[PDB]
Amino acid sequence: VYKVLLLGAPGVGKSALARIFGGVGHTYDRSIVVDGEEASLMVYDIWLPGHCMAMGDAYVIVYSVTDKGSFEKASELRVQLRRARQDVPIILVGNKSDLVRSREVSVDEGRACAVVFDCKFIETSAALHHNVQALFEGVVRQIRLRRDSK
């Protein structure tokens, strides 16, 4: 049973993503099967930033691909985590991939941010439910790898 914190600037789709996962701040629970093994995830959509950051088994940092300011905020959030948790899995998410015409952050900028962070990167669309199940399965897989590389 794993606690997952959603972090990111206002308006990026944290609540959208969480409500889709929950099948529905606020909290969501849900058991899912990942590589043949059941896992429960508790998703905290609660973004006292220090307290929030002190608390997860994994961190999902969300920005909107339509909002370069939210992508900058993602880098700021990562620096903060580095100070707050001085091992934890982090997934970077570029949401709103359906809004092709208003895109402000390229896929390659997202990928580059992943290299700097040394973390996994995925783009999502809460509007289309695209990559939402993959995001949360990835969370589970990344937590397991870190339980086991020990």
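Counting begins at 1, following the sequence as shown.
Across the other entries compared, none leave residue 61 without coordinates where the residues on each side are present, so it is far from a third. Among the other PDB entries of this protein that were compared and that flank it with modelled residues, residue 49 is left unmodelled in a third or more. In this entry, residue 47 and residue 48 are separated by 4 to 9 residues of the deposited sequence that lack coordinates.
Averaged over CA atoms, B-factors in the entry run higher in 96 to 104 than in the other of 31 to 39 and 96 to 104.
Stretches compared: 135 to 143, 14 to 22. Higher mean C-alpha B-factor in the entry: 135 to 143. Listed residues 65, 62, 58, 81 were ranked by CA B-factor as deposited; 81 comes out on top. Per the PDB record, residue ranking by Cα B-factor puts residue 128 in the middle third of the chain.
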